[PDB]
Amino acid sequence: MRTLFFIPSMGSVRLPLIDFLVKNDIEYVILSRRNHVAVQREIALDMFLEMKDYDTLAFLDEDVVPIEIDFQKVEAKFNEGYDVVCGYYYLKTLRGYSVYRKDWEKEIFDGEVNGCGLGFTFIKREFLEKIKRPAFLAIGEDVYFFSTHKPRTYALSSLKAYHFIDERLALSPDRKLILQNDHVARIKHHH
């Protein structure tokens, strides 16, 4: 499985996300600011669909920094017939976690869900090639996407991320505040 990350930005990327991108050899498109995030997500879908080497479109909000991604567990869920695999981070709205059934979840679990906020979310090509386009419309384009297109959706507890508030302080998946203030290096020849 080959994944292309699309990161909606406001024109910059915080260091902790740069570090994740470098350390994990991630392939991505960081989207410059547009009128609204829904417009960026539609652009992402358009670009993704043309880029046939990529099997999975991963949306990652610029303030969401994965702790670990078990890509084989994500791939396993798609193979089993899920359309969308959701990861967990705590919302900056303080309303709960980034996945929902009847409401934003209060606790992390592995299970089928109704949707998520599109901030840490893997979507398979097969599903996206079938959906009516344009696909994201803005409540948000997140509830719209799920309510309208009804993907078979699974939340993995093994997908966890920090949700950064500023460049250094983040909400951790254990609902604590953490601080990450390290430098970020891309060095190929420190022998």
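Start at 1 with the first residue shown and count on from there.
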* Asked: Per the entry, how many residues of the deposited chain go unmodelled between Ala138 and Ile139: none, 1 to 3, 4 to 9, or 10 or more?
  -> 4 to 9
* On mean C-alpha B-factor from the PDB entry, just flag whether 22 to 30 or 127 to 135 is the higher one. => 127 to 135
* 73 to 81 versus 102 to 110: which one carries the higher mean Cα B factor per the record? -> 102 to 110
* Based on the entry's values, in what third of the chain does the Cα temperature factor of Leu94 lie: lowest, middle or highest? -> lowest
* Asked: Can you tell me which third, lowest, middle or highest, the CA B-factor of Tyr54 falls into for its chain?
  -> middle
* Within-chain third of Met47 by Cα B-factor, per the entry -> highest
* To do: Could you say whether, by C-alpha temperature factor, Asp166 belongs to the lowest, middle or highest third of its chain?
  => middle
* Could you look up the Cα B-factor of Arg152 in the entry and say which third of the chain it sits in: lowest, middle or highest? => middle
